[PDB]
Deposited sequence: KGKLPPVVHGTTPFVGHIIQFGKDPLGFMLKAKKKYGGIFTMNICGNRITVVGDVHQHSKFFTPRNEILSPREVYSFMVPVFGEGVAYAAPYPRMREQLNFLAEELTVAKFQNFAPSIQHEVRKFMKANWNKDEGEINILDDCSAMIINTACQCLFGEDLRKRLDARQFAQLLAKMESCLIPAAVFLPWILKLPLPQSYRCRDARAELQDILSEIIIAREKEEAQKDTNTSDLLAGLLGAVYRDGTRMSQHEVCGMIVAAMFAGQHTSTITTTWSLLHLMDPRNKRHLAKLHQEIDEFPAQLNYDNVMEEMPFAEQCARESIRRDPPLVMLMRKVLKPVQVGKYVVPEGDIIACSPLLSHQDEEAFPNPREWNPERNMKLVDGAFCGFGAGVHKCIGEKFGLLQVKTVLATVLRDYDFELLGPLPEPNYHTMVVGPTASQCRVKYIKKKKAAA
């Protein structure tokens, strides 16, 4: 009993498929699925990675417990950012607890005065950098800018932004992001070489933790209130009565800012790219309807329970081109999947990038269509993952994407300068090709 998933042919003797796969990740798998079916095994530098390409077996990957499927080792290449013993790095229970701490820091109830704050930053930026009747900009960069500004304005209190504003923090982030080497998942060793990056990362992170400390100690003096994400983590308590270290606190914060930064920016950038695509005049018009009925100053309910189509666009761009191409786990205990049995020590993966393309659940995959149904196949859509490690920021993330859309589209139109941007898979968080993201903007004179 227990059959093994087919190992993809044409595997180099020792380097595996890392080259074949790297060049064209989507095509590689997309083809591979046809020759061997949904479930198949890649050999990446001696590593067995088995992808769940069958959309009907997703629950098999998102359901099992950490004891069977584990994310600790797979995501260890991020330790430099989070810090040692933080998040995934820590033991499961410790990890479980910490992730939760952040989760509740991003729940609807904590969205007080977030909509206005987002609206405030988006407009200050627009009235700062798009002050001409019409102008040429890189929408990917400008969204990344607007996104970080609004993310900080919401999760950071006033005293924190004064000593460390949005533009300065971004700098710390990039310095810490410069040591994130995703190939480290297949080359754990590369994380042990003498690298300058990992030095600049220790610094940047150490600088942040210093500020935080110097703000906590400042609050502890002025203590003798709109509690932000910071004050939120400093209050949380473990199951044994102890609190988080400033090291742990600093780690979660960074994780939150990184996590929400690129995904939200990409999910916004895409949409805009689609909505401004001539083939979408339909969706663009409908959207304007949905928001033309809104006043200048938006409120919580306005975007949460009254912008369904907007959310559909946000959720459709993520279905077409998922920011996270490959969700991985370490198989600690053998798991039945389809007609196959993925063995222990193997690397098991569900690719949002892949599954999203199954013509069965998503016929005509390469067409950006908000209208199409996401539930057509249950568990098929995994843009925010599912089960144990479901995105705990989906709500907060959608809030931004949507509020930024509304804001931008209410005041500006857009046109493409060339063919639609094609996804670039050479980045940890996948987004449209930056060099293909040059666009013109129409002001509403």
**Study point:** Deposited-sequence ranges lacking C-alpha coordinates, in sequence order
**Key:** 225-228, 450-453
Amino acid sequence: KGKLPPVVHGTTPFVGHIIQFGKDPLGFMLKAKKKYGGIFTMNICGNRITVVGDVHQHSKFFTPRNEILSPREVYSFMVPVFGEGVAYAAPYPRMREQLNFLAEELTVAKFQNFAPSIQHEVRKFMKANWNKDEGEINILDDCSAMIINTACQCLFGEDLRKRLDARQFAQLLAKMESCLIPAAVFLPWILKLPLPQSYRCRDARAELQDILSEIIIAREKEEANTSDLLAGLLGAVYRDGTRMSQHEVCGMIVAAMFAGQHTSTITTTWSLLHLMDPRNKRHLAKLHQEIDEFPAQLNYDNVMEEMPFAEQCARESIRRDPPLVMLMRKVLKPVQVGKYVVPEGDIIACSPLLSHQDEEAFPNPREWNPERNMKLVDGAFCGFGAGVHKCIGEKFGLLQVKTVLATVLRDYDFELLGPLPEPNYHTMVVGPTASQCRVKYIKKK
From here on, numbers count along this sequence of modelled residues.
Check your understanding: Going by the B-factors listed in the PDB entry, is the mean over the C-alpha atoms higher for 241-249 or for 282-290?
Key -> 241-249
Check your understanding: If you average the CA temperature factors over each stretch, which comes out higher, 75-83 or 315-323?
Key -> 75-83
Check your understanding: Which of these, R65, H58, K34, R48, has its C-alpha atom at the highest B-factor, as the entry lists it?
Key -> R65
Review point. What's the residue among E371, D159, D142, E121 with the greatest CA temperature factor in the PDB record?
Key: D159
Review point. Which third of the chain holds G38 when residues are ordered by C-alpha B factor: lowest, middle or highest?
Key: lowest
Practice item. Relative to the other modelled residues of the same chain, rank the CA B-factor of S70 and answer lowest, middle or highest third. Key: highest
Point to revise | Chain thirds of CA B-factor: placement of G338 | key: lowest
Practice item. Check where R200 lands among this chain's C-alpha B-factors and tell me if it's the lowest, middle or highest third. Key: highest
Review point. Going by what the PDB entry lists, where does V388 fall on CA B-factor within its chain: lowest, middle or highest third?
Key: highest
